[PDB]
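To start, the structure itself, in structure tokens.
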Amino acid sequence: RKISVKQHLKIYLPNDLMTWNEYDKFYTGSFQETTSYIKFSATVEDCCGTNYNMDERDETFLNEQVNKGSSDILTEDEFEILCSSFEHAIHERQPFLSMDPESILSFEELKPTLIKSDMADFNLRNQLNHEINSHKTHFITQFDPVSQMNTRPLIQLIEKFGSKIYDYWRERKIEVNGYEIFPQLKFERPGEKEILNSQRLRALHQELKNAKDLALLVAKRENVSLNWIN
Amino acid sequence: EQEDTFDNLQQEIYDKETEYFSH
Amino acid sequence: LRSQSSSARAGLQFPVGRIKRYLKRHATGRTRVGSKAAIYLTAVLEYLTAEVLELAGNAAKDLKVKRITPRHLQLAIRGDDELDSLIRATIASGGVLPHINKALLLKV
Amino acid sequence: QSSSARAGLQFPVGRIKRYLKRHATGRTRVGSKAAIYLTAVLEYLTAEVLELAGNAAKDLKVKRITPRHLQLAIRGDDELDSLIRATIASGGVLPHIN
Amino acid sequence: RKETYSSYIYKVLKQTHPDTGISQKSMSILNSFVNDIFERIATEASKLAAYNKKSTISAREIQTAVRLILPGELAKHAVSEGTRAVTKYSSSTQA
Amino acid sequence: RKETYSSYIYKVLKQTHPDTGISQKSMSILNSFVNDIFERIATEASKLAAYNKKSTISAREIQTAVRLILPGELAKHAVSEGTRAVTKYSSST
Amino acid sequence: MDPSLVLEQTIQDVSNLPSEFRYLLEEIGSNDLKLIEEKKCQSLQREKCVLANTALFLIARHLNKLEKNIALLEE
Amino acid sequence: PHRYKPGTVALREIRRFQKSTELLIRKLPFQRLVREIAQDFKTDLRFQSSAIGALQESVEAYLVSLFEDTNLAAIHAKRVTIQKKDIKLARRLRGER
Amino acid sequence: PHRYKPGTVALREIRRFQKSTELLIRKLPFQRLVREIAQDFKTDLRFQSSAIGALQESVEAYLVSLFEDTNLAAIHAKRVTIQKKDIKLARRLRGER
Amino acid sequence: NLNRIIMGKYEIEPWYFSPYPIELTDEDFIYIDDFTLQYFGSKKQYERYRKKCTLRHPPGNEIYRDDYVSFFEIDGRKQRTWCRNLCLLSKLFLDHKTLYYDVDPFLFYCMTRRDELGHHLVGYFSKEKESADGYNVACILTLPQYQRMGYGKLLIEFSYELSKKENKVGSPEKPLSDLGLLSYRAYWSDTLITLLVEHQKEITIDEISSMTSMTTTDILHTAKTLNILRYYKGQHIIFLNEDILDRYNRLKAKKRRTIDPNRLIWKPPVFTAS
Amino acid sequence: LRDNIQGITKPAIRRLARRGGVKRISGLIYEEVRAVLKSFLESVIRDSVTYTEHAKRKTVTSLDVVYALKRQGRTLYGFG
Amino acid sequence: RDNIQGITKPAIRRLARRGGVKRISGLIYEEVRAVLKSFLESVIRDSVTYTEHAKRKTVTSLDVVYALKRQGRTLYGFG
DNA sequence: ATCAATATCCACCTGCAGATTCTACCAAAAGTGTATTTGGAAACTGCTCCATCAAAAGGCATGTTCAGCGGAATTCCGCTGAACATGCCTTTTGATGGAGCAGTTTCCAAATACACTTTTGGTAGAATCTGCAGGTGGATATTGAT
DNA sequence: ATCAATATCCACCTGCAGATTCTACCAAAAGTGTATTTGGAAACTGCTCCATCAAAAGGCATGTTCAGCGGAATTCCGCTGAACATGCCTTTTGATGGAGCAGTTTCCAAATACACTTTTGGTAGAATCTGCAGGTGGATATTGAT
């Protein structure tokens with residue numbers, strides 16, 4: 001017995017002898033398609049953004065227990081926006097909270113820090129929104145859903161009611177020992193389940209800000225069109 | 001007054017598009 | 001079955017001591033292994049079993065139960081790896097393999 | 001005194017006798033059959049050696065590079081067949097135009 | 001007075017295919033085949049043991065002989081069956 | 001320990017036109033030259049005396065091996081010089 | 001840390017930044033031709049100014065780390 | 001008084017002489033030629049019958065090898081004719097001198 | 001600029017490389033080539049530099065022999081240039097196996 | 001098996017066991033999405049995430065969009081989180097992979113079905129930046145969310161024109177699982193019959209392995225499963241067996257949805273880091 | 001691990017062919033002369049690595065190349 | 001005596017007809033006799049040397065199959 | 001037929017590494033004579049096997065004719081040598097660094113070598129059995145006349 | 001196109017060479033048993049020589065370009081081979097008369113093996129000499145456009 005090799009021939013003919021139902025209020029909206037196929041280059045954390053949600057356990061003290069006679073309309077969006085802000089904001093100025101959430105630090109020395117915060121430069125737009133002068137509106141993306149033409153920003157609730165948001169935030173970090181309430185993953189380690197600069201690339205700044213000053217007047221070549229309508 | 005900004009920027013595209021994107 | 005063998009302990013059909021003596025008569029050096037020339041017994045057994053397996057491949061071309069020389073070339077020339085291990089050899093009364101070069105035939 | 005000059009050559013009879021002993025398979029050879037043999041390689045070396053006095057009047061190269069060995073070992077056309085097994089190391093080719 | 005391999009070829013053929021004949025022209029073909037390939041692989045093993053500075057031809061030099069002198073795939077078949085038979089020769093037990 | 005035919009080749013060169021000089025890469029290729037022709041006539045002589053059913057690797061088998069190992073005219077003056085050398089050796093006892 | 005790798009990450013995200021630059025401005029110019037024959041009455045200019053407002057956002061997010069490599073290596 | 005296409009029964013003798021395997025060159029002229037080339041080395045070279053048959057077989061093998069060689073050379077020349085120089089290049093590149 | 005007849009500096013460089021004894025293929029890419037053709041037969045094994053020169057010399061000799069006999073086939077086929085059918089005729093007629 | 005995976009419309013108790021519950025040995029359900037497929041055992045984190053939905057195509061470039069499906073290419077270094085999210089999805093369905101590093105180096109090719117509601121990423125296979133085995137398929141999975149339709153075969157149709165443009169031959173790895181064991185041999189066989197119903201002249205084993213780019217150690221072993229390889233008639237003979245006579249007719253009278261080798265917006269990428 | 005395409009060595013095929021006696025080249029022979037080169041290389045390299053494998057040595061000598069080319073039918077000459 | 005012209009035209013026609021050629025030239029006969037006679041002297045010389053070294057005044061099959069082996073055109077079946 | 005820039009030959013010349021021609025030494029094998037086997041030289045015959053002469057038949061010699069096939073012209077155009085100008089991997093060239101060689105020493109499998117002995121594979125040949133090469137009748141494959 | 005016209009293939013009597021086998025006898029070995037020296041596994045240990053490593057200089061690699069010319073093609077023009085048919089020289093296939101191949105003996109010249117002495121062929125130390133690579137500056141081939 002052997003295995004065949006190259007060069008050989010071919011002789012064909014000559015004579016040898018459970019469809020789920022409650023999905024309708026989850027996935028809404030339509031989505032167009034273009035004759036050019038999609039090209040995309042962004043991350044999925046920027047497609048979600050505010051990386052915390054608060055469950056049924058603590059919305060029931062915020063939605064129907066705060067709003068008895070609360071003068072400011074304290075809605076559930078900033079109940080998720082502002083709470084997720086200092087979930088972040090405590091951790092970049094204290095990265096060692098894990099072994100002791102009995103070391104839950106106080107706002108009375110956090111009180112200038114998170115007010116001037118720029119959360120991994122979260123407000124990267126408003127200084128450049130100066131150049132497009134779209135402060136009549138705000139900045140809207142396709143990376144932003146249809147529920148943010150009515151939202152309200154951060155600082156003018158922290159001294160108002162944001163003194164009473166980190167209060168309930170603390171006590172369920174000690175039962176989970178200093179992590180997110182639906183905890184992060186098995187992230188601790190991949191363990192168990194359960195002179196060349198000098199000559200050519202010295203113009204790499206110049207390579208791409210040719211488009212950045214291009215970007216606003218090609219955003220103004222349509223911002224001559226949404227003031228055309230007014 | 002909605003269009004007196006439309007009548008000067010449109011050449012800054014071509015003055016820039018023939019600056020780097022047309023060598 | 002028995003305590004005596006003819007060095008049949010290789011699954012072989014060849015003589016061990018005969019090609020032991022025939023390796024001994026090339027005698028450039030001085031010493032040849034006796035217990036491990038058996039790999040050379042079954043070396044000759046390997047490519048000779050394959051050469052005669054090829055003869056049963058073409059004994060049934062023509063319902064011909066013996067084996068002859070011109071269609072022993074026909075098997076040795078159509079196995080490619082046995083071709084160049086025999087390409088220096090000319091099988092006597094062998095004929096040639098039929099290959100009309102295709103650029104000659106123009107259907108005329 | 002030595003056996004090398006007693007057959008009238010320069011190659012050693014006694015060394016190359018031992019070489020054939022280590023290259024043997026019939027176990028036995030006369031010392032006299034080295035004498036025909038030692039001058040065969042003497043003849044076959046000297047025949048190549050004296051014909052690389054090839055062009056040495058018009059280039060006067062009193063040494064020889066290895067193409068000086070090659071660029072007449074092919075012109076000695078009977079010796080082309082006996083060295084057709086060989087590829088001369090850094091030898092070049094003969095000047096020839098089709 | 002002469003020694004040949006012809007009955008060994010014959011018993012190889014009849015143990016492969018029990019009813020097939022051989023013309024003695026082809027018997028001389030195969031005998032010349034095995035004798036020549038013997039001489040080739042024996043002079044290869046002899047010169048390899050010569051310039052490798054050893055004094056005994058053993059299984060490793062005849063294994064590298066069957067490797068070097070055969071083309072590839074049937075050389076692999078040959079070294080496999082060769083190791084098979086040379087470990088079946090070493091298996092010397094009571095039964 | 002080393003082994004080479006090199007000084008033998010030097011006295012070959014002085015036996016012919018002596019004023020010249022071998023380069024030590026051409027000396028290596030002359031060494032491989034005489035080594036290769038030694039190998040060829042040695043294996044042919046051993047094979048000839050092998051299948052002609054003798055034991056003594058004799059002189060006339062070297063004569064016939066050198067008559068069939070070389071091309072014609074250099075073979076005939078080579079065999080002439082070789083017989084002259086073996087006669088001038090055998091003539092002295 | 002080194003110039004051989006700071007050109008690395010900035011050239012494969014701007015290997016496909018000219019993908020979207022050859023994709024995203026072309027689709028903004030795909031539907032605006034209907035607004036010449038608009039002569040959807042109040043909302044179809046709203047969508048195209050959103051997904052070209054993203055045309056200057058995704059190119060903007062590379063920039064915040066882009067200039068600090070120029071400074072923190074040459075210091 | 002009828003004949004087929006002139007030039008296509010060459011295919012017929014192609015097929016019928018490749019299907020067969022007998023020796024082609026006739027034995028008595030080949031014996032005379034091998035004795036003619038034997039006489040001018042040494043007189044009275046007695047011969048063996050199977051020896052001269054082996055000579056015939058080796059002759060047939062060498063000549064048919066050179067013939068498929070010059071076939072391939074001439075058909076490389078974009079030409080169905082084999083000439084002198086087809087055999088010349090076949091021999092010169094085959095390795096003979 | 002002054003430029004010769006197209007064809008004659010080819011003759012000049014033919015003459016220069018007929019006189020030349022230079023090693024033609026550069027040492028470093030051919031050395032990395034023999035590295036990368038040896039490592040699939042056996043993982044990392046050391047090379048001696050003279051062995052690299054030996055492979056170099058053998059490959060250059062075989063390539064120039066193949067170019068000489070494909071030139072002879074090319075002038076046989078009534079052309080002054082070479083193409084794939086020339087090198088294929090050269091390889092088949094030389095008998096690589 | 002742990003707390004049946006409800007997603008989209010199809011509910012799945014999984015085929016395999018537990019790469020997932022380090023903090024989840026407590027719940028009764030797990031919710032999965034389509035584009036992010038962000039794992040959400042709780043409900044309130046999941047329905048608020050659908051009011052945080054922005055992504056309506058998986059994060060990469062497209063290379064196909066036929067009448068029925070579309071194909072992507074999403075690299076594991078440029079997406080950290082999302083590529084490891086669907087590492088969870090197949091490992092609940094196929095246990096013959098490794099979590100042994102939090103998987104960076106390789107490229108995902110993943111496939112959905114077009115809906116105006118949105119695409120739904122309905123199968124993938126990984127692809128590493130190296131050729132040791134040839135590696136043209138690393139870890140394929142049609143998923144039982146939507147399994148019962150033969151477009152999971154079309155992933156193997158999609159598998160080989162990758163190897164056509166990349167010009168290096170390849171085969172998937174050695175841990176073959178049973179759902180792919182039947183699937184791999186059906187495409188190896190039915191491509192062999194296509195280049196023999198064409199090509200009226202002789203065929204070498206090099207240019208079956210170059211015209212279709214199945215490796216020779218596979219394509220000879222799949223010719224012997226077809227029993228199309230018999231010797232003893234003057235060569236190794238190809239020899240029509242009369243089940244061919246309906247089987248070229250099977251894809252010419254009962255034609256299938258296929259791919260094309262020309263509609264590929266893809267260049268083989270050049271790599272600096274390793 | 002240099003398993004990369006440096007089988008694209010160099011168009012000094014128009015230097016080796018000029019060492020040959022050939023005039024103009026007409027292109028496209030570069031790929032198949034590299035194919036001839038690769039076949040020749042692996043044919044010699046297999047024999048050399050069998051020699052150094054039988055030697056129980058992890059280097060090849062010049063002697064191994066000379067011996068491999070000696071069996072091959074084309075003997076490199078005056079190198080060892 | 002002179003009998004290299006004995007190897008006739010239909011014999012060499014058939015011998016080229018096995019080789020697969022089609023169009024025999026009218027004067028290829030002379031050089032095919034020449035290459036025939038050349039191969040004949042190249043085999044008859046070493047046959048004579050083997051039968052002359054063996055002291056044997058007849059030429060067997062074995063010495064010419066040995067001489068044919070050494071030239072490189074070995075024959076199987078007759079030795 | 002002619003200009004004229006491009007590149008060659010040759011004498012004279014400067015460096016420098018390569019050859020060579022020693023002595024020390026040195027030691028490892030070649031040459032000397034002895035003694036025993038032993039195979040080669042040679043003389044002898046036994047007898048196959050190789051030389052050579054007479055009938056049928058068959059392929060071979062030589063026409064005559066027909067004609068596709070070399071082979072030469074002319075043309076047109078893809079493609080290919082020759083160049084500019086620029087990068088880029090190569091070529092040194094230290095220069096260091098580490099890791100398989102090649103030893104010396106080393107204590108055991110193992111092939112060799114002797115005598116013995118019992119099959120055993122060579123061959124002779126005869127039986128007898130027949131597979132196959134040789135001849136015959138006939139379906140039919142492939143292709144020429146008009 | 002539709003038959004003619006062979007000639008390919010196929011199925012089938014038949015007359016032997018021709019495997020072939022089985023006995024059968026047997027000269028020549030193969031497997032065994034057991035002393036017996038030695039080649040070899042390999043183990044440790046310098047250290048040579050390769051493997052990277054890198055830094056500047058720099059000849060050559062490689063597009064991009066053009067001009068023109070040498071290769072694929074069509075047509076035709078003349079002829080050298082293929083192909084019957086008639087004749088036939090030569091061979092194939094059959095028969096008898098002598099030499100050297102093979103084999104078996106004898107004896108002596110030559111080769112193996114050994115213990116010896118002494119020079120040869122080798123470094124390496126390298127001093128020493130100097131011929132070749134490469135340089136360079138006048139007369140001398142040598143080709144494209146006019």
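Scheme for the structure tokens: letters A, B, ... for chains in order shown; per-chain residue numbers from 1; ligand numbers from 1 in order shown.
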
Next item on the list: Tell me the residues of chain H close to chain I, meaning within 9 Å using only C-alpha atoms, as a list in words.
Entry: residues 69, 72, 73, 74, 76, 77, 78, 85, 86, 89, 90, 92, 93, 94 and 95 of chain H

Output C-alpha atoms for every residue in that selection, as a JSON list (two decimals), in the first residue's frame.
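Okay, again.json is ready:
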```
[["chain", "number", "residue", "atom", "x", "y", "z"],
["H", 69, "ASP", "CA", 14.61, 13.11, -27.81],
["H", 72, "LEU", "CA", 10.62, 16.58, -28.67],
["H", 73, "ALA", "CA", 13.36, 18.83, -30.05],
["H", 74, "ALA", "CA", 11.83, 19.08, -33.53],
["H", 76, "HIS", "CA", 9.85, 22.41, -30.07],
["H", 77, "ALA", "CA", 11.13, 23.84, -33.35],
["H", 78, "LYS", "CA", 7.42, 24.31, -34.38],
["H", 85, "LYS", "CA", 20.35, 19.53, -36.37],
["H", 86, "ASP", "CA", 17.46, 18.14, -34.34],
["H", 89, "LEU", "CA", 21.08, 19.27, -30.45],
["H", 90, "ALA", "CA", 19.50, 16.15, -28.93],
["H", 92, "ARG", "CA", 24.76, 17.59, -27.62],
["H", 93, "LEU", "CA", 22.42, 18.38, -24.76],
["H", 94, "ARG", "CA", 21.92, 14.74, -23.77],
["H", 95, "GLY", "CA", 25.54, 14.80, -22.71]]
```

Next item on the list: Quick one: pick out all strand (DSSP E or B) residues within chain L from a backbone DSSP run and write them as a ChimeraX atom specification.
Entry: /L:23-24,58-59,75-76

Restricting the output to C-alpha atoms, write the selected residues as a PDB file, in the first residue's frame.
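File written: result_17.pdb
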```pdb
ATOM      1  CA  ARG L  23       8.355  13.243 -40.750  1.00  0.00           C
ATOM      2  CA  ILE L  24      11.632  11.473 -41.526  1.00  0.00           C
ATOM      3  CA  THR L  58      34.970 -15.665 -26.565  1.00  0.00           C
ATOM      4  CA  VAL L  59      32.675 -12.837 -25.487  1.00  0.00           C
ATOM      5  CA  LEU L  75      20.443  -3.600 -18.972  1.00  0.00           C
ATOM      6  CA  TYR L  76      18.166  -5.893 -16.998  1.00  0.00           C
TER       7      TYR L  76
END
```

Next item on the list: Name the residues in contact with residue 5 in chain F at a cut-off of 9 Å, using only C-alpha atoms (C1' of nucleotides), excluding same-chain residues fewer than 4 positions from it; report them as number ranges by chain.
Entry: D: 11; F: 9, 31, 34-35

Store the residues picked out above in a file with N, CA, C and O atoms, as a PDB file, in the first residue's frame.
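Okay, out39.pdb is ready:
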```
ATOM      1  N   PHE D  11      55.782  10.290  -6.443  1.00  0.00           N
ATOM      2  CA  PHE D  11      54.706   9.934  -5.530  1.00  0.00           C
ATOM      3  C   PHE D  11      55.122   8.736  -4.675  1.00  0.00           C
ATOM      4  O   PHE D  11      55.915   7.900  -5.116  1.00  0.00           O
TER       5      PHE D  11
ATOM      6  N   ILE F   9      52.890  17.229  -5.170  1.00  0.00           N
ATOM      7  CA  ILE F   9      52.480  18.063  -6.291  1.00  0.00           C
ATOM      8  C   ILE F   9      53.494  19.180  -6.531  1.00  0.00           C
ATOM      9  O   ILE F   9      53.751  19.558  -7.682  1.00  0.00           O
ATOM     10  N   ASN F  31      44.636  18.489  -5.417  1.00  0.00           N
ATOM     11  CA  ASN F  31      44.497  17.416  -4.441  1.00  0.00           C
ATOM     12  C   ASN F  31      43.200  16.652  -4.654  1.00  0.00           C
ATOM     13  O   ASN F  31      43.189  15.416  -4.675  1.00  0.00           O
ATOM     14  N   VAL F  34      43.544  14.436  -7.985  1.00  0.00           N
ATOM     15  CA  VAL F  34      44.210  13.145  -7.864  1.00  0.00           C
ATOM     16  C   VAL F  34      43.452  12.223  -6.904  1.00  0.00           C
ATOM     17  O   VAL F  34      43.414  11.000  -7.110  1.00  0.00           O
ATOM     18  N   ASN F  35      42.741  12.793  -5.926  1.00  0.00           N
ATOM     19  CA  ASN F  35      41.950  11.988  -5.002  1.00  0.00           C
ATOM     20  C   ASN F  35      40.757  11.357  -5.707  1.00  0.00           C
ATOM     21  O   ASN F  35      40.439  10.182  -5.478  1.00  0.00           O
TER      22      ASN F  35
END
```

Check: RMSD over all C-alpha atoms, chain H superposed on chain I in order?
Finding: 0.7 Å

Note to self: Can you pull out the residues contacting residue 6 in chain I? Cut-off 7 Å, using only C-alpha atoms (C1' of nucleotides), and skip same-chain residues under 2 positions away; I want them as a list in words.
What the structure shows: residues 4 and 8 of chain I; 81 and 82 of chain M

Please identify every residue of chain A that has at least one atom no farther than 7 Å from an atom of chain G, counting only C-alpha atoms, and for each give the shortest atom pair and the distance in Å to one decimal, arranged by chain then increasing number, as a tab-separated table.
```
residue	atom	partner	partner_atom	distance
A:39	CA	G:20	CA	5.6
A:40	CA	G:20	CA	6.5
A:41	CA	G:16	CA	6.5
A:140	CA	G:50	CA	6.1
A:141	CA	G:54	CA	5.5
A:142	CA	G:51	CA	5.9
A:197	CA	G:3	CA	5.7
A:215	CA	G:56	CA	5.6
A:219	CA	G:53	CA	6.4
A:222	CA	G:49	CA	6.1
A:226	CA	G:45	CA	6.5
```

Next item on the list: Within chain L, find each residue whose DSSP state, derived from the backbone, is alpha helix (DSSP H), and express the selection as an NGL selection string.
Entry: :L and (9-19 or 28-53 or 61-71)

Next item on the list: Fewer than 4 positions away in the same chain doesn't count, so skip those; otherwise give me all residues within 10 Å of range 42-49 of chain F, counting only C-alpha atoms (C1' of nucleotides), as an NGL selection string.
Entry: (:C and (26 or 28)) or (:D and (19-20 or 23-27 or 37)) or (:E and (43)) or (:F and (36-38 or 53-66 or 68-69)) or (:L and (50 or 53-54 or 66 or 70))

Can those selected residues be exported to a file as a short mmCIF file (atom, residue, chain, number, x, y, z; two decimals), in the first residue's frame so that it contains N, CA, C and O atoms?
```cif
data_model
loop_
_atom_site.label_atom_id
_atom_site.label_comp_id
_atom_site.auth_asym_id
_atom_site.auth_seq_id
_atom_site.Cartn_x
_atom_site.Cartn_y
_atom_site.Cartn_z
N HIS C 26 31.41 -7.12 0.32
CA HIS C 26 31.75 -5.79 -0.14
C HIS C 26 32.83 -5.13 0.69
O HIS C 26 33.47 -4.19 0.20
N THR C 28 34.70 -3.32 2.50
CA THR C 28 35.59 -2.17 2.54
C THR C 28 36.20 -2.02 3.92
O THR C 28 37.42 -2.01 4.07
N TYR D 19 46.50 3.02 1.10
CA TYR D 19 45.20 3.54 0.72
C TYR D 19 44.35 2.51 -0.01
O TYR D 19 43.15 2.38 0.27
N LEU D 20 44.94 1.79 -0.95
CA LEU D 20 44.25 0.70 -1.61
C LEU D 20 43.94 -0.45 -0.66
O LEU D 20 42.94 -1.14 -0.86
N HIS D 23 40.93 0.64 0.89
CA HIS D 23 39.85 0.71 -0.09
C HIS D 23 39.57 -0.65 -0.70
O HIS D 23 38.78 -0.75 -1.64
N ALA D 24 40.19 -1.71 -0.18
CA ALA D 24 40.09 -3.04 -0.75
C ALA D 24 38.80 -3.74 -0.36
O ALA D 24 38.11 -3.34 0.58
N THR D 25 38.49 -4.79 -1.11
CA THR D 25 37.53 -5.79 -0.70
C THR D 25 37.98 -7.22 -0.99
O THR D 25 37.37 -8.15 -0.45
N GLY D 26 39.00 -7.42 -1.81
CA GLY D 26 39.62 -8.71 -2.08
C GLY D 26 40.83 -8.99 -1.22
O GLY D 26 41.53 -9.97 -1.47
N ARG D 27 41.13 -8.10 -0.28
CA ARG D 27 42.01 -8.28 0.87
C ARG D 27 43.51 -8.33 0.54
O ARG D 27 44.33 -8.30 1.46
N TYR D 37 50.54 1.62 -10.55
CA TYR D 37 49.49 2.53 -10.15
C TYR D 37 50.03 3.90 -9.74
O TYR D 37 49.42 4.93 -10.06
N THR E 43 27.19 -0.36 -1.39
CA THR E 43 28.31 0.56 -1.55
C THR E 43 28.01 1.90 -0.91
O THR E 43 28.94 2.56 -0.42
N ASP F 36 40.11 12.12 -6.59
CA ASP F 36 38.96 11.61 -7.32
C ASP F 36 39.36 10.51 -8.29
O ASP F 36 38.67 9.48 -8.40
N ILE F 37 40.47 10.70 -9.01
CA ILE F 37 40.86 9.65 -9.95
C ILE F 37 41.34 8.40 -9.20
O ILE F 37 41.12 7.27 -9.67
N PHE F 38 41.92 8.58 -8.00
CA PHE F 38 42.24 7.43 -7.15
C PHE F 38 40.99 6.66 -6.76
O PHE F 38 40.98 5.42 -6.82
N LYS F 53 36.45 -13.25 -10.13
CA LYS F 53 36.65 -14.42 -9.27
C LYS F 53 38.10 -14.64 -8.87
O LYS F 53 38.56 -15.77 -8.74
N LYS F 54 38.84 -13.56 -8.68
CA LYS F 54 40.19 -13.65 -8.17
C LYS F 54 40.22 -13.08 -6.76
O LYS F 54 39.20 -12.64 -6.22
N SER F 55 41.39 -13.10 -6.13
CA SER F 55 41.56 -12.51 -4.81
C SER F 55 42.66 -11.47 -4.78
O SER F 55 42.50 -10.42 -4.15
N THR F 56 43.77 -11.72 -5.44
CA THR F 56 44.87 -10.77 -5.43
C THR F 56 44.55 -9.61 -6.35
O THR F 56 44.32 -9.80 -7.55
N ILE F 57 44.52 -8.41 -5.79
CA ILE F 57 44.32 -7.22 -6.60
C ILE F 57 45.62 -6.97 -7.35
O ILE F 57 46.58 -6.42 -6.79
N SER F 58 45.67 -7.39 -8.60
CA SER F 58 46.92 -7.60 -9.32
C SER F 58 47.28 -6.38 -10.17
O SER F 58 46.68 -5.31 -10.06
N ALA F 59 48.30 -6.56 -11.01
CA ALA F 59 48.81 -5.44 -11.80
C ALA F 59 48.08 -5.30 -13.12
O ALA F 59 47.84 -4.18 -13.58
N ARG F 60 47.73 -6.41 -13.75
CA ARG F 60 47.05 -6.34 -15.03
C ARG F 60 45.60 -5.93 -14.89
O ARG F 60 45.02 -5.42 -15.85
N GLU F 61 45.01 -6.09 -13.71
CA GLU F 61 43.68 -5.53 -13.51
C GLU F 61 43.74 -4.02 -13.33
O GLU F 61 42.80 -3.33 -13.73
N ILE F 62 44.84 -3.49 -12.79
CA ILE F 62 45.08 -2.05 -12.84
C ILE F 62 45.30 -1.59 -14.27
O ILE F 62 44.83 -0.53 -14.68
N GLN F 63 45.99 -2.42 -15.07
CA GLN F 63 46.21 -2.09 -16.47
C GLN F 63 44.90 -2.04 -17.25
O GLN F 63 44.65 -1.10 -18.01
N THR F 64 44.02 -3.01 -17.04
CA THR F 64 42.75 -2.99 -17.74
C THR F 64 41.80 -1.94 -17.18
O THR F 64 41.06 -1.32 -17.95
N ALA F 65 41.83 -1.71 -15.87
CA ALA F 65 41.01 -0.66 -15.27
C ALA F 65 41.45 0.72 -15.74
O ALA F 65 40.61 1.60 -15.94
N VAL F 66 42.75 0.92 -15.94
CA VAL F 66 43.19 2.21 -16.45
C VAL F 66 42.99 2.29 -17.96
O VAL F 66 42.89 3.39 -18.50
N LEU F 68 40.20 1.16 -19.33
CA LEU F 68 38.80 1.49 -19.51
C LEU F 68 38.35 2.71 -18.71
O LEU F 68 37.25 3.21 -18.95
N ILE F 69 39.17 3.22 -17.80
CA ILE F 69 38.75 4.38 -17.02
C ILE F 69 39.11 5.69 -17.71
O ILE F 69 38.52 6.73 -17.39
N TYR L 50 36.87 -6.32 -21.13
CA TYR L 50 36.46 -7.31 -20.14
C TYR L 50 36.74 -8.73 -20.61
O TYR L 50 37.12 -9.58 -19.80
N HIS L 53 40.70 -9.06 -20.34
CA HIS L 53 41.18 -9.22 -18.98
C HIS L 53 40.84 -10.58 -18.42
O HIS L 53 41.58 -11.12 -17.60
N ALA L 54 39.75 -11.17 -18.87
CA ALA L 54 39.33 -12.46 -18.36
C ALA L 54 40.06 -13.62 -19.02
O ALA L 54 39.69 -14.77 -18.75
N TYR L 66 28.23 -6.11 -18.00
CA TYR L 66 29.06 -5.34 -17.07
C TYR L 66 29.59 -4.06 -17.72
O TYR L 66 29.56 -2.98 -17.11
N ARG L 70 28.76 -0.07 -16.73
CA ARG L 70 29.71 0.96 -16.33
C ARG L 70 29.54 2.25 -17.14
O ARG L 70 29.67 3.35 -16.58
#
```

Note to self: Give me the residues near range 40-49 of chain L as JSON, numbers by chain, where near means some atom within 7 Å (using only C-alpha atoms (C1' of nucleotides)) and where sequence neighbours in that chain fewer than 3 positions away do not count.
What the structure shows: {"F": [64, 68], "H": [37, 38], "L": [36, 37, 52, 53, 63, 64, 67, 68]}

Next item on the list: Output the contact residues of chain D with respect to chain H at a cut-off of 12 Å, based on only C-alpha atoms, as a VMD selection string.
Entry: chain D and resid 77 to 78 80 to 81 84 to 85

Note to self: List as a PyMOL selection string the protein and nucleic acid residues near residue 42 in chain M, meaning an atom at most 12 Å away when only C-alpha atoms (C1' of nucleotides) are counted, but skip any in the same chain fewer than 2 places from it.
What the structure shows: (chain M and resi 40+44) or (chain N and resi 105-108)
